[PDB]
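What follows is a set of notes on a single structure, which appears directly below.
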Amino acid sequence: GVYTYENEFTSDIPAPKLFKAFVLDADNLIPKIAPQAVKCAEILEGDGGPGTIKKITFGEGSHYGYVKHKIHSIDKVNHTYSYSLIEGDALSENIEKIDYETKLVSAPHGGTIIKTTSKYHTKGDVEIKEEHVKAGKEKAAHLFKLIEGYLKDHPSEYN
């Protein structure tokens, strides 16, 4: 019924330096990459931990709308972050929650590779087109670059 897909991508910053700013600074960096897209991400409980519930509110497009995200488990020692989407305007009652997986890996060349797996659930007949998902993957791969891009800038309080 549902197939899982894994995507690999190489980014700057070491697995650990990116892992922290990827999950520890995600609550603040997530909205930084697309602030006009959402008003602000809030966590009902967990604060970025296991079984944490997140709520995002969109002020653009329809008059109302909000997506919720849930974390399954995080491994700071294994540099692995797993999370899933609970509700969202793009999900609708036809699309069920989606299991998301994030894995940070470093290479001997000095670069850092990041593996992410995604899984979408459906009520039963509601299905999506692989071509549509492939397009979303491209947009996501572009967001990852922005994550390291900001870290590379290294903003100073003096500025």
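Readers should treat all values here as calculations from the given coordinates under stated rules, not as data from a laboratory. Every residue, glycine as well, gets a Cβ built from its backbone with ideal geometry; the counts of neighbours run over all protein chains shown.
Free of any GluC sites (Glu not before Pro) that DSSP assigns to a loop and that have at most 16 other C-beta atoms within 10 Å, the longest stretch within the chain is 1-59. As a rough footprinting exposure proxy, the listed residues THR122, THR102 were ranked by other beta carbons within 10 Å of their own, and the order from fewest upward is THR122, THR102. Helix 130-153 and the longest principal axis of the C-alpha atoms of the chain enclose an angle of approximately 30°. Across all Cα atoms of region 21-69, the radius of gyration (one decimal) and Dmax (whole number) stand at 11.0, 32 Å. Compared with the direct C-alpha span, the chain from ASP25 to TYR66 gains 12.7 nm at full extension, assuming 0.36 nm per residue.
Among the chymotrypsin sites (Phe, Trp or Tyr not before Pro) found in region 1-91, those both in a DSSP coil and sparsely packed, with 10 or fewer other Cβ atoms within 10 Å of their Cβ, are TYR3, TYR64. Using the Cβ-Cβ distance between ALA141 and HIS109 with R0 set to 22 Å, the FRET efficiency from 1/(1 + (r/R0)^6) comes to roughly 0.65. Gyration tensor analysis over the Cα atoms of region 88-133 returns equivalent ellipsoid semi-axes of 31, 10, 8 Å (largest first, whole Å).
Close amide-amide hydrogen proximity is noted between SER11 and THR112, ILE113, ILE114, each under 5 Å apart and 5 or more residues distant or on a separate chain (H modeled in the peptide plane; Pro and chain starts excluded).
Distances longer than 22 Å among the Cα atoms of the chain: what percent of all pairs is that? Taking all Cα-Cα pairs of the chain, the fraction more than 22 Å apart is 45 percent.
The stretch between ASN78 and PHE58 holds 3.9 nm of extra length on full extension. This uses 0.36 nm per residue minus the Cα-Cα distance. Full extension of the chain segment joining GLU127 with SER92 gains 11.4 nm, where the gain is 0.36 nm per residue of separation less the Cα-Cα distance.
Using only side-chain charges placed at the Cβ, +1 for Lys and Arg and -1 for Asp and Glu, the dipole size of the chain relative to its Cα centre rounds to 220 debye.
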